[PDB]
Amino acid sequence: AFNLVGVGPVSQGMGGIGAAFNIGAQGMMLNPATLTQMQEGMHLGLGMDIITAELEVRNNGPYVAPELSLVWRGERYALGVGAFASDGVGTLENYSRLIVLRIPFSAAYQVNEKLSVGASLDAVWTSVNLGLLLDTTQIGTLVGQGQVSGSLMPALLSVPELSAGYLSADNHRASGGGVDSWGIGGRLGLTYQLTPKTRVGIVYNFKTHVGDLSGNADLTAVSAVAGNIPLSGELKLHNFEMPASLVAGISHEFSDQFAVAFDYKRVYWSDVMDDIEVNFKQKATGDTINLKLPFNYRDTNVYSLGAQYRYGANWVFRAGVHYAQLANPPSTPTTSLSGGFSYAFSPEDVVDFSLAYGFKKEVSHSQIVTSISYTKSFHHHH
């Protein structure tokens, strides 16, 4: 949903690991089986991700993604709920901002001293702001390929000197602009302590069925002669299905003071079919314009490697490497380096902090994700 630099400052500080490593309450969103690693009691977590991006040769500004968690740990069970947000933008510009708020309902169980199982069911709210410029040639290539339809086509081609159509659907540029939808996702994982120092973990993340995103949009016809004629109406996006993913990984704790974790993850873009329809209906007339953009993606592999050193009773230090690349059934991979630390102000109060620098690819893409969280733990153990 994000970009697996991980979930929370402990995972992100270690390059994205978490299939077998106790990343805290964020395990709800990675491998919920790891929640059995948390101490008994009640855990409240507050944090956010602060993403600033830069692109050499679309807002760079600080994106803020908050995370809330409540986890109960007693005996063999863990129960959790939270709210995990992601924010970011892709690319009269062509752009898409995607907001995903995932609200897990999570549980985990120690089957025995070696085997832990866990699952989450997400309620998922997806929101997209977008702008899409289509010139006269592109409309043509797409009208002859049977990809544009709707009674708005002939009236638009008859705009004098028509140069481009602009689909705008943005909360920030017009009130109620954008589209949104509630949906459902989830994950099912386990951990296995096969060796006293080596734990292995596996989690399958389900395909998120987001369902039809609806809302408001403007379609502006651009003409040097006739001005920019905006038409207002309803917009519907059709077939989204965030892809399933499989994460397998291992944690090795040479001592309580020093651990290393490594994870491998396959994201299954190829099994998301592509019927991605875009329909706009003009609110005065009921005249519509229909549009397909079936864009296929290939599977992605991600490798995550990090380490953690407990220094004294209050300080923990982390570092990690992250490598994402298209999959085996020619592309530049994305690499990221990370570091982080934790401070415990008390047995009940811990601050975690994370910094990750990523790079992709004539295009250069630089991205810094700052991650900070606070956990307040009230213990119980009877």
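A residue's number is simply how far along the shown sequence it sits, counting from 1.
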| task | Can you count, per the entry, how many deposited residues between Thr91 and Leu92 come without coordinates? Answer none, 1 to 3, 4 to 9, or 10 or more. | result | 10 or more
| field | Unmodelled deposited residues between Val57 and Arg58, binned | value | 10 or more
| Going by the B-factors listed in the PDB entry, is the mean over the C-alpha atoms higher for 260-268 or for 154-162? | 154-162
| remark: Mean Cα B-factor check, 279-287 vs 128-136, entry values; winner is 279-287
| Taking the Cα B-factors listed in the entry, which of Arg73, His209, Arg199, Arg173 comes out highest? | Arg173
| request: Have a look at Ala107, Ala169, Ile103, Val148 and flag the one whose Cα has the highest B-factor in the entry. | output: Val148
| message | Considering every modelled residue of the chain and its Cα B-factor in the PDB entry, is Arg298 in the lowest, middle or highest third? | response | highest
| field | CA B-factor placement of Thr332, once the chain's modelled residues are sorted into thirds | value | highest
| task | Grab the CA temperature factor for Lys114 from the record and place it in the lowest, middle or highest third of its chain. | result | middle
| task | State the tercile, meaning the lowest, middle or highest third, of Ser364 with respect to the CA B-factors recorded for its chain. | result | highest
| request: Sort the modelled residues of this chain by their C-alpha B factor and say whether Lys292 lands in the lowest, middle or highest third. | output: highest
